[PDB]
Amino acid sequence: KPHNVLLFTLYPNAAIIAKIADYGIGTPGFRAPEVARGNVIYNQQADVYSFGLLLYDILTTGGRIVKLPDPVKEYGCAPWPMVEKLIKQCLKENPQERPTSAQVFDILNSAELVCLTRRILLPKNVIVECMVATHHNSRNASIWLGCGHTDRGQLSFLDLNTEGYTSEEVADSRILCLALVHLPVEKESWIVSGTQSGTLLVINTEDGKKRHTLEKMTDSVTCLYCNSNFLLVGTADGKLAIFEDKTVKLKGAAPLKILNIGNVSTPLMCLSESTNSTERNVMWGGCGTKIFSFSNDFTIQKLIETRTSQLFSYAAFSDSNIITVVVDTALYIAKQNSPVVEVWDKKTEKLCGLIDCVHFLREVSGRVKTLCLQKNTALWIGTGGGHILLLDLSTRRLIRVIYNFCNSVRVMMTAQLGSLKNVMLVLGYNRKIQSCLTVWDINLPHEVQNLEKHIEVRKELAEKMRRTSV
Amino acid sequence: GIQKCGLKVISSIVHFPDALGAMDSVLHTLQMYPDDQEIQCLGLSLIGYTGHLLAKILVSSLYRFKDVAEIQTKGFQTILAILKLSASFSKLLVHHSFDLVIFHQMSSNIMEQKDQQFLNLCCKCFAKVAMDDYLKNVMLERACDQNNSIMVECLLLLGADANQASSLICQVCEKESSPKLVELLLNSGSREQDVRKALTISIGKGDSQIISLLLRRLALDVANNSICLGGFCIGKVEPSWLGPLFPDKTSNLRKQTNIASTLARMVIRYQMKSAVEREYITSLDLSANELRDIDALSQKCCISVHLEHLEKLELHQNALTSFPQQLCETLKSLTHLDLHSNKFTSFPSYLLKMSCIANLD
Ligand SMILES: Cc1ccc(C(=O)Nc2ccc(CN3CCN(C)CC3)c(C(F)(F)F)c2)cc1C#Cc1cnc2[nH]ncc2c1
């Protein structure tokens, strides 16, 4: 029972926290059903059920004490779903179905159990392509998933707080990528939507009657970006349209400049901003096979060629466009249909290193899909095989690989919820098509390292104590 | 005196085929005449392939001069050749003086100079002696004995057991050490009991800097916004100790240097190639610390403006006698105040003057 667990400290990263004691003083509230029926003695299988009851009490903060109901429904609490699955597993009536205690400790030893915060399954299972968050820290904390399902678009809206979502067609053709602008001086929150027929549209979320459209591009819309202002448009025809943050609220504003950086043979797919504040004046992007950087005055700063990458690595993989870009002290580039990520330097504009995800994956298609990096020197590599690679910027070594939760990571972004907490959204495929959204804590790698050190310390302590006993 | 041009003629003859002992003679000469023959000691080829005195003479002559550009490079070349000839040479090298010269040579502003090949061969020798992880622990212990905090990080990045032995950390805090070293140690693995003993030692020889550096790991939870100094038997309290524990948003993060990381990365590469070939602190627990008087806290110290936001101050099981009034008027957001199991003799009436006291104990 929770009365039989003695706490020795409240420090999280402590060597010893909880201990078990039997004061020698089963109880109706915390008894196994097989024991409640009076069939046999407790044996050992039931203890796992009692431990599951303890988990249900710890999760609900003892709300049950003051045919088990849903933990989130009966009492207000964060999902924490891996332990929900564990509780449902070890609270099964069949004593054979109860996992053994060693199995329970093993599946509790995972850092994914702590870092995975939420999980959402879209029932209609519509094939989703893009998703953008809302920086509004108010109760309007949701996502604006977009997908191409019919001759028109499929404009979804997943509400994290309520887990309910509505989808419909409002953009007249298949939609590719989205972006949001929030004008606090104007109290305006506008989302810009693009179709594959070649138009840019805006749809104000504050009222569905406030709809807008922008100037047509002859190719298909390909990318967007909000520079905190200059709204950037990177099209298949290499255009870099700069949209004023203010005027584009009304339908039919106009671009201030058109920089034909690329062409149709090397479309522009991804842009990003310097993570270091010393280079917050230069904006970067990979235009097909061209890594271009430009100023805040809409003037080019550099034009790098990727084609030299064939002489070192395989020419086949090196003969591909750029899919994702990230700007740090070193430039990291991921190319289409390739299992390698290219590392470049922004000063010499020269190749520096290559990282082969194939070695790490086979150590356990391996094609990289998307990238996200944080100033905490931790790199996330989302693979087309549904695996997430964790790499450190200090040593460029492995940290951990996340799998067996989705079949193919589609999009991975960073955002913040209404509680000011920083999390990471990982959209992964599930083909048996099903679309699953997972919310991961931003302290995942540090948590893995801390948990490794903690369990190693506890193992050493137990070994030393048992050795001194013998 | 004539031995100089004699050794020059020997260097002239070292290229003729089948040069074979001649090692012992020139060894005796170099042992006798230190300076000029060492400049020509690069003529030393693979001879003898096990006298420890030979390597001893070599490394002692190296560190003895250690200030002529190309002779150290030649010595490192010869050393690399000898270790390529025999791996047991490594142990002997680390045994005699190897660290004493490597650290002195690469910490003496080795960077900021066009010595790319020099650093390359040096890191090659590093990666070469990086085998036999026991010797890595020895190198770590010796680098910690010296106040050389530049390469302790390099040794850790290559993989070093900070709990090798009296652990390393207690030895570091026993001597007058630098904050960067103890910080790099605490970031890497360290037994909590070892850190505790280290805190006791550092308390014995009062040093607010290292005390704060230790407490930043032992009893700080950035998540809960709390301090958990419960039962550390810290005989007193000092506002400077808890100074760097409060947020102080004016502080920021800046990469002061990265030369250690670059070093470690390049030695790892050479080893791989050789193998291939707001949010204030709203809680402060000071329970069971065997205190005697809590007047050092407040007194308009640095901590004084980081107490107005405190929302809980546990002080139970200590040994107090009174509560300073200035502490009360400074603590303008307390709600829980625990003083049970102390030794009070009369109730201070002004404890109720606080703004938001709700749970007095
Ligand atoms: C003062 C005291 C004496 C004995 C024990 C005790 O538990 N003994 C005990 C007995 C049996 C078992 C396991 N048997 C095996 C057979 N089975 C059939 C059944 C399980 C266990 C174990 F499970 F450990 F192996 C522990 C605890 C305390 C205590 C205390 C304490 C400490 N701290 C506190 N703070 N506040 C209040 C408080 C109270």
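- Method information in the entry identifies cryo-EM as the source of the structure, with 3.6 Å recorded as the resolution.

Description of the overall build of chain B
Phase 1: A tally of regular secondary structure across chain B gives 16 helices and 6 strands.
Phase 2: Taking 21 Å as the expected radius of gyration for a compact globule of 361 residues, we find that chain B reaches 29 Å, considerably beyond that expectation.
Phase 3: Over its C-alpha atoms, taken along the principal directions, chain B stretches across nearly 100 × 35 × 35 Å.

Some words on the overall build of chain A
Phase 1: If you tally the helices and strands in chain A, you get 9 helices and 30 strands.
Phase 2: Projected onto its principal axes, the C-alpha positions of chain A cover 80 × 55 × 40 Å.

Details of the sheet that holds strand β30 (residues 434-441) of chain A
Residues and elements named next belong to chain A.
Phase 1: Pairing is antiparallel in the open sheet, where 4 strands are placed in the order β3-β30-β29-β28. Each of the sheet's edge strands pairs with one partner strand only, and the pair in question is β3 (116-122) and β28 (408-416). The average undirected angle you get between the axes of adjacent strands in this sheet is 20°.

Side note on the environment of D245 of chain A
Residue and element names in this part refer to chain A.
Phase 1: Within the element layout of this structure, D245 appears in the loop between β15 (240-244) and β16 (268-273).
Phase 2: Taking the C-alpha atoms as reference, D245 lies 48 Å from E363; in sequence the two are 118 residues apart.
Phase 3: At 2.3 Å, the side chain of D245 forms a polar contact with the side chain of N229.

A few points about the packing of aromatic side chains
Residues and elements named next belong to chain A.
Phase 1: Between the aromatic rings of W144 and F157, the centroid separation amounts to 4.2 Å while the plane-to-plane angle is 45°, which identifies the pairing as tilted. A residue pair is termed long-range when its members are at least 10 positions apart, and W144 in the loop between β5 (142-143) and β6 (146-147) and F157 in the loop between β7 (154-155) and β8 (158-159) qualify at 13 residues.
Phase 2: With 5.7 Å between their ring centres and 15° between their planes, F292 and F294 make a pair best called stacked.
Phase 3: Lying across the ring of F8, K19 places its NZ or CZ 4.5 Å from the centre.

Reading the values: rules and limits
Residues numbered from 1 in each chain as written, not as in the entry; some residues may be left out. Chains lettered and ligands numbered in written order. Part of a larger assembly, values for the part shown. Heavy atoms only, no water. Residues with missing side-chain atoms left out of burial classes, pairs and counts. Helix = DSSP H or I, 4+ residues; strand = E, 2+ residues; numbered from the N terminus. Rg over C-alpha atoms; globule rule 2.2 N^0.38 Å. Pairing = 2+ DSSP bridges. Axes fitted to C-alpha atoms, helices over the stretch in contact; angles between N-to-C directions. Polar contact = N/O pair within 3.5 Å; in protein donor to acceptor, adjacent residues only side chain to side chain. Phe/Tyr/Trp six-rings, centres within 6.5 Å; stacked < 30°, edge-to-face > 60°. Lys NZ or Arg CZ within 6 Å of the ring centre and 35° of its normal.

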